[PDB]
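# Structural overview
Here is what each chain is made of, one letter per residue.
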Amino acid sequence: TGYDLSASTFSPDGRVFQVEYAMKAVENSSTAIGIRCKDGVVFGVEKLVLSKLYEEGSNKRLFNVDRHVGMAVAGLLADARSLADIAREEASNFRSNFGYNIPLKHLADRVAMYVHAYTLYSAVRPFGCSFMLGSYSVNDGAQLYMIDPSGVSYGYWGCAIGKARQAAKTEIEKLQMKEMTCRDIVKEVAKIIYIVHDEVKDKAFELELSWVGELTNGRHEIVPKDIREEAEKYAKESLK
Amino acid sequence: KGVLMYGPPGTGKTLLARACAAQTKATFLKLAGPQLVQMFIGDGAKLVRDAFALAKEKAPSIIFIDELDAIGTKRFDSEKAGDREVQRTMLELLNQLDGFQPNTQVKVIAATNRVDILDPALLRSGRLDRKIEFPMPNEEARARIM
Amino acid sequence: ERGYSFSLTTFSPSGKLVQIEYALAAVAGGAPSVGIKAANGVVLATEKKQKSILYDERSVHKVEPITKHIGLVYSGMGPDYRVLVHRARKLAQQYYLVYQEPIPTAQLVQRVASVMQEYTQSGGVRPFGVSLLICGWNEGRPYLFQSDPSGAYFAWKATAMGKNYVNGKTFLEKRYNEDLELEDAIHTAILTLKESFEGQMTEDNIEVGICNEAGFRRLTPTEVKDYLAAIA
Amino acid sequence: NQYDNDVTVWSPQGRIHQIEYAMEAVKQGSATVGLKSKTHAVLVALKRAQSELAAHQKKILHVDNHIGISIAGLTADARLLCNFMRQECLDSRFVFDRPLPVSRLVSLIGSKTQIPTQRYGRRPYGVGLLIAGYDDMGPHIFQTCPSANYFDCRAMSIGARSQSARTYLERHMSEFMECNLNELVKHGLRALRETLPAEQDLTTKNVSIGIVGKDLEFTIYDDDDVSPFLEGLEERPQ
Amino acid sequence: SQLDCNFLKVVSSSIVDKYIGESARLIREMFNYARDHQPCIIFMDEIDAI
Amino acid sequence: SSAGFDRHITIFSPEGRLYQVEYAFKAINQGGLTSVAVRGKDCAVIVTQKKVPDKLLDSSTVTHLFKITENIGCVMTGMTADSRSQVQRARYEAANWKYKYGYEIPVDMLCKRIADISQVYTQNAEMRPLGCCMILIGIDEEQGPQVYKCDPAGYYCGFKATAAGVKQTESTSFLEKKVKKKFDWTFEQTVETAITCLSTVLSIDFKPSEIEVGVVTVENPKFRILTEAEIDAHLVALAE
Amino acid sequence: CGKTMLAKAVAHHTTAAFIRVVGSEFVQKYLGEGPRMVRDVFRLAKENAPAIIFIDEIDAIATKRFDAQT
Ligand SMILES: Nc1ncnc2c1ncn2[C@@H]1O[C@H](COP(=O)(O)OP(=O)(O)OP(=O)(O)O)[C@@H](O)[C@H]1O
Ligand SMILES: Nc1ncnc2c1ncn2[C@@H]1O[C@H](COP(=O)(O)OP(=O)(O)O)[C@@H](O)[C@H]1O
Ligand SMILES: [Mg+2]
Ligand SMILES: [Mg+2]
């Protein structure tokens, strides 16, 4: 051994294990999925009720970076909201210097170069978080990006991060996200995260949904209660 | 054909194998890992083909191998030194399991607790098919265990 | 970020700096190169073989000029060479902005070798893996100096660096005298590079640069073909 | 274990062991229990001592007129975050002339303690902050941990032998959102007699109570004024 | 499945035993069998043992 | 062949080697990718493949071809996180040439500045030396087209035909038999001889959805990326 | 490099007796066969002719390390 202690050393076959070890820490966080509809992006996070003593609305794994940009995280939660602070701060420097709202192909570029910068030195560790960025503009449409702890970003029609990643994105491609608007998506977002996480592992869990598009007039916010109650009404019909 | 269980050392691997020895009424046959290691040459190799010929005779039979990382350690190229006689017992265990003249009469249950040590020649798909892992008990299983 | 701020080059218990001894092993596995001064100018000749026919040989250069009258070749590893070239290009300018005079070739080697010694003691760095040959004609008389990764320097009449350098130095010892012209030293520099090259020594497998009192210059492959012709 | 030395090094399983060892430091300190009603936020601590003549180490501290905290772990890092806590409250009062909200205070702590959990040669802060306070939204109970992960909760308990206190809080938290200040406190006082050996419980010199209230500034009660609260508890059933 | 009489498959681990010269007696007496049956193929699987 | 920490950081072996760099050359090969660049008589062509394993992924955001300046394009191999960081430097260094010197940077001077930066990583014993490669093309006045490669060791050279990636040696053996018979090269022949390079090495015989081609020519010196429709025009003419 | 080949050409143009042994056949199973097998080669090289002994792969016989326990 000895070839895997620092992030400054390659292996004798040419790969870095400190990044791969931090990628393994993501699959112990639960599940965060997000797909984009024809005219907007819908996030979705199932939230484990660890004990009864916590309060409904605690420790949200679903942030709010800018007025139109949303973030759903998966990983070590202290590093999640630390990456959320620099992304919230990066968009403020764009509007102050250039005058207008930051686009997603630039925002996820500036954040991923900040994540990549900790995969080079021995003085710092790689982050233990993977997360998704989605938004809607009236001149660019809906956007959906995703960033690993190594620093690689791509566009997606729908993605999934958490424990059951392949077992979640198997059913995403059963949908048709090219033509559905962001109303019937909300019922289909919830349904594919009820079929995952058998009740042997967890007793009870919490649904948390997010929502952006021109139906929300460009601003990012949470779903209302009645709409996610319709999805929770559309929960127990997967037993047939 | 061929199952493999692995994981942390206290998760219960022998406990399934001792369970199956009580349930099915077949010819159960067990092995230690370092039992197939002999001072003279070719005796550990002879001892493998004698065991599978015995389980060939009792045609409903399953064979169990505990601590497979004793003999299934990864091969390596080196001059001046290095063990070789252990690989011969491994390379027949590759062949006498699977390859020329195959059979469907015996089933292999293998158990180790470290995987990265093992030779990829014995983890192919045909020799050890279903590689299941044993995770540590999460919360609820510990309430069931004690 | 920051650095390490500790020397990773220490004394052995036998009293030898081991990393400098290893850097001389990388110098000895480089391309062979010879350098000869003879009474009116210095000849620097090296050996440049592309690995395949796909490479553009007119793109990079082994023989580099430092100023109007100073050239410089190497025998070591590639990317370390271009660093201390750009360093030595700059050092010749700060001498010129103070004194309004082209730098003497001795004073350049005073300052290039001071960089290499400073770089084998400071914190968190491995030493260079190149040795140099520096020519030039200051005040009539020519000069030929050789540095090393340790930071020392010498004043050679004729020497060889690279692979089979111990055979070239025996060959030059039986060849060189005090009285040769520049075109004679060119002919014996090709005759000593033929000791270690392949079968075809064409106009683009080698690279030759000369000094005169007219200044340093580098030969085009036209007259290099004429020198390679009627050779050996 | 060579993966067990510095905060920078990841485990091959993906769990940084230096963070997990700072969780062992908060499990060494004595227990404390915080809980809230609709209109109040009460936290109760249990002191310890070294000899019978040395005094008892206090744990409840006063941050502001509407925020108080309770510590568990080594006391030197507790005062390091306490002097950061007081400073961030009175400058917001200096700039905006308003009480700084509680949920916005804790996110400053989570960004404060995450920084030494990523550099080289920097320990985490071993500390056990239970925070009680007032926003404009009523009472709030927050807990932190040396993994820089703060939790929103309605009743928690941390310290040595705290799992027994959590089981008491789960089977009585349906009653907490109705009662006044009197039996809200002695609901929490029945949790501290749960986490003790079966012979000594509450002898009026090792327990402290702090309340912030809807028209009540944050007030600490110590070893004489505890006695009105402490009377009115039944005997331990055996 | 093409020869059936003069095709020799060898596992390259049966050819070794703990006596003195019996390991090399087989390699002599395999190829002596090979010249006696002139159209013949020797197959030697997993030679890394020997 | 090893003594000390020469396997771990960038110091010298007893043989004169240094292993952390030659570990990093085979970090390029883990991408599972191969790119080909061919210089013509009046043009320069880069061809490379793209492998999209998902239907849920946006196929317009996986381009390894990048536009550095208005007249300079490049292709990136190796791992993605280090390659996109190195493009960000090359965009920055070209803009400072124009601001300091008042004219367009030559493509060999840009490759020198990238290789000088990459030299410093294998020169200090602290940083990890960026395991990804670099191939540039461009039109230069009184030089015509020209192609350059920069490796993570700090070496660079001008080529006439270039391969990089997993199948590098098999591609260059194909091209060196093609160039030494010395046929003249038009525009379309350099497009034909570059596609048939990685079509015979990789043995694919593909449809136009898996490769991407950038080009520059001295009638339109703008680096431009070909549409899939006009990729298909060269492809059906390649099958006579 | 023509080691076995040059011995073939010597045996073709000789006028002497040529004795050709493989140097891994002295390890017979029975004890004492080998030392009897060595000494009757040279006795056959004595009685027959001014002959030529050719032994190949002496590494099967002449090594460095031994073990007087096996
Ligand atoms: N003139 C030559 N010089 C060298 N080798 C030749 C020549 N002509 C043919 N060969 C080839 O060289 C091969 C090796 O012959 P030979 O067995 O004598 O080499 P060797 O050194 O004994 O190798 P080994 O010891 O491995 O058997 C022959 O099979 C032949 O094909
Ligand atoms: N329900 C259970 N789950 C896991 N382990 C158990 C359970 N019940 C008992 N055990 C313990 O697990 C042990 C099995 O050992 P095991 O983990 O198979 O050893 P190894 O894997 O190192 O061969 C037994 O000693 C048994 O006491
Ligand atoms: Mg066991
Ligand atoms: Mg031979």
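Residues numbered from 1 in each chain as written, not as in the entry; some residues may be left out. Chains lettered and ligands numbered in written order. Part of a larger assembly, values for the part shown. Heavy atoms only, no water. Residues with missing side-chain atoms left out of burial classes, pairs and counts.

For this coordinate set, the PDB header names cryo-EM as the determination method and states a resolution of 3.2 Å.

### Let's talk about a negative patch on the surface
Test applied: Without a salt bridge and with relative accessible area above 30%, a residue can belong to a patch; like charges are then joined within 9 Å and nonpolar side chains (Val, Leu, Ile, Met, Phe, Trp, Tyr) within 5 Å. A 1.4 Å probe and the Shrake-Rupley method give the accessible areas. Residues count as covered only by the protein chains that appear here. Counted as salt bridges are all cases of a side-chain nitrogen of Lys or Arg within 4 Å of a carboxyl oxygen of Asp or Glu. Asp and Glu count as negative and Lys and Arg as positive, but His and the ends of the chain are not part of the count. Charge coordinates come from a single atom per side chain, which is NZ of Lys, CZ of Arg, CG of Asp or CD of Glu. Each residue is placed in one exposure class: buried if its accessible area under a 1.4 Å probe, protein chains only, is under 20% of its type's maximum, exposed if it is over 50%, and partly exposed if it falls in between.
Together, A:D226, A:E229, A:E230 and A:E232 line one region of the surface with negative charge. Residue A:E229 is classed as partly exposed on the basis of its relative accessible area of 45%.

### Quick look at the state of the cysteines
For the record, the criterion: Any two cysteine sulfur atoms within 2.5 Å of one another count as a disulfide. Each helix is a run of DSSP H or I of at least 4 residues and each strand a run of E of at least 2, with the numbering of both proceeding from the N terminus.
Scanning all chains against the criterion turns up one disulfide over all chains. The disulfide partner of A:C37 is A:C182, and the S-S distance across this bridge is 2.0 Å. On the sign convention where negative is left-handed, the bridge of A:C37 and A:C182, at about -110° about the S-S bond, is left-handed. One end of the pair, A:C37, is in strand 1 (residues 31-37); the other, A:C182, is in the loop between helix 4 (166-172) and helix 5 (184-191), and 145 residues separate them in sequence. Summarising the burial analysis for this pair, A:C37 and A:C182 share the class buried. A disulfide-free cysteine, F:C111 has its sulfur positioned 4.8 Å from the sulfur of F:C150, the nearest such atom.

### Considering the sheet that holds strand 4 (residues 106-111) of chain B
Residues and elements named next belong to chain B. Put simply, the rule is: By this definition, two strands are paired if DSSP reports at least two bridges between them. To obtain each axis, a line is fitted to C-alpha atoms, and for helices this fit is confined to the stretch in contact; angles are then taken between N-to-C directions over 0 to 180 degrees.
Read from one edge to the other, the open sheet built from five strands follows the order 2-3-4-1-5, with strand pairing classed as parallel. Across the chains shown, the open sheet's two edge strands, defined by having one partner strand only, are strand 2 (27-31) and strand 5 (130-133). The sheet shows a mean angle of 15° between the axes of neighbouring strands, direction not considered.

### Regarding the packing of helix 5 (residues 187-201) of chain F against helix 6 (residues 228-238) of chain F
All names here are of chain F. For the record, the criterion: An angle counts as roughly parallel when it lies under 35 degrees, as roughly antiparallel when it exceeds 145, as roughly perpendicular when it falls between 65 and 115, and as oblique in every other case. It only takes one pair of heavy atoms within 4.5 Å for two residues to be counted as in contact. For this scheme, ten residues count as nonpolar: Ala, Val, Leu, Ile, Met, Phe, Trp, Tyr, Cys and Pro. Four count as charged, namely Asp, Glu, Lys and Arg, and the remainder, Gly too, count as polar.
Two elements in contact, helix 5 and helix 6, have axes separated by 11 Å at closest approach and are oriented at 75°. Accordingly, the angle class assigned to the pair helix 5 and helix 6 is roughly perpendicular. Side by side, helix 5 and helix 6 meet where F187, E188, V191, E192, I195 and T196 of the first sit next to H234, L235 and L238 of the second. Class assignment of the residues belonging to the contact of helix 5 with helix 6 gives a composition of five nonpolar, two polar and two charged.

### What about the site of ligand 2?
Residue and element names in this part refer to chain B. As a reminder of what qualifies: If even one non-hydrogen atom of a residue comes within 4 Å of a molecule or strand, that residue is called near it. A 3.5 Å cut-off defines polar contacts: any pair of N or O atoms within that distance qualifies, except that in protein one atom must be a possible hydrogen donor and the other a possible acceptor, and neighbouring residues in sequence count only when both atoms are side-chain atoms.
Lining the immediate surroundings of ligand 2 are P9, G10, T11, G12, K13, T14, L15 and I145. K13 has a polar backbone atom sitting 2.5 Å from an oxygen atom of ligand 2. Within the contact set of ligand 2, an oxygen atom lies 2.8 Å away from a backbone nitrogen or oxygen of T14. Its residues assigned to classes, the shell around ligand 2 comprises three nonpolar, four polar and one charged.

### Details of the packing of aromatic side chains
Counted only if it meets this: In summary, the pairing rule links any two rings of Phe, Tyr or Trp, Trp by its six-membered ring, whose centres are within 6.5 Å, and it sorts them by plane angle into stacked for under 30 degrees, edge-to-face for over 60 and tilted for everything else. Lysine NZ or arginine CZ positioned within 6 Å of the ring centre and within 35 degrees of the ring normal marks a charge as sitting over the ring.
Scanning the model with the defined rule gives 20 aromatic pairs over all chains in all. Relative to A:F98, the ring of A:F94 lies with its centre 5.2 Å away and its plane at 85°, an arrangement referred to as edge-to-face. On the criterion of helical spacing, the pair formed by A:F94 and A:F98 is a turn pair, its members being four residues apart in helix 2 (residues 77-98). Ring pairing ties together the aromatic residues A:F94, A:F98 and A:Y100, which thus form one cluster. One residue, D:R98, lies across the ring of D:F96, its end atom 5.0 Å from the ring centre. Sitting over the face of the ring of F:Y19, F:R7 holds its NZ or CZ atom 3.8 Å from the ring centroid.

### Section: the nonpolar core
The line we're drawing: Only buried residues count toward a nonpolar core, which is a set of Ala, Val, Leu, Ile, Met, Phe, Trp, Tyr and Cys residues joined through side-chain atoms within 4.5 Å.
Within the largest apolar cluster, 43 residues are counted, with the highest numbers of intra-cluster contacts made by D:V33, D:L35, D:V42, D:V44, D:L169, D:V207 and D:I209. Other than its neighbours up to four places away in sequence, D:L169 contacts A:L53, D:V33, D:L35, D:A155, D:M156, D:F176 and D:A191. Membership of the second largest hydrophobic core comes to 30 residues, among which are A:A108, A:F127, A:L133 and A:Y145.

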